[PDB]
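Let me begin by presenting the structure, written as structure tokens, before commenting on it.
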Amino acid sequence: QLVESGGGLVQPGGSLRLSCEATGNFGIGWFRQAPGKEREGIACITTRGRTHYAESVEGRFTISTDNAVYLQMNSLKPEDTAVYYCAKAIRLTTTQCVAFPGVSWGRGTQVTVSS
């Protein structure tokens, strides 16, 4: 029901905009997974437009809702290399972006930052 696009290969300092497009009307989060690491929630937005960012991307990435949710990725770093996924998510404070229970992960879009 959620479909990712917009990945690519970019030099350090570059910029990409990922899209998460719903097959119908629709909290949404962006997640990423690097080789050998756990999937991590990096940005999410509630049904009302309140956002949360992981510390690794705050100030460089922006999540925006339009039937699509975008991730504007500015000032890309090699450590941003990963497959990026979008899924229903909740902002869980104890504060993390957490995938909704029972979420089915799609295919995602590949992002590689290298010179």
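Starting from 1 in every chain, residues are counted up; chains themselves are A, B, ... following the order of the structure tokens, and ligands are numbered from 1 as listed.
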| said: So that I can see what lies close to segment 82-96 of chain A, please list as a PyMOL selection string the residues with an atom at most 10 Å from it, counting only C-alpha atoms and leaving out residues fewer than 2 positions away in the same chain. | reply: chain A and resi 1-7+18-21+26-35+37+39-47+50-54+69-71+78-80+98-113
| field | strand (DSSP E or B) residues, from DSSP on the backbone, in chain A, as JSON, numbers by chain | value | {"A": [2, 3, 4, 5, 8, 9, 10, 16, 17, 18, 19, 20, 21, 22, 28, 29, 30, 31, 32, 33, 40, 41, 42, 43, 44, 45, 51, 52, 53, 61, 62, 63, 64, 65, 68, 69, 70, 71, 72, 73, 82, 83, 84, 85, 86, 87, 88, 89, 90, 91, 92, 96, 97, 98, 99, 109, 110, 111, 112, 113]}
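Minimum atom-to-atom distances from A:36, A:9, A:68, A:57 to residue 23 of chain A were compared using only C-alpha atoms, and the lowest value belongs to A:68.
Pairwise distance (atom CA of residue 61 of chain A, atom CA of residue 115 of chain A) equals 20.2 Å.
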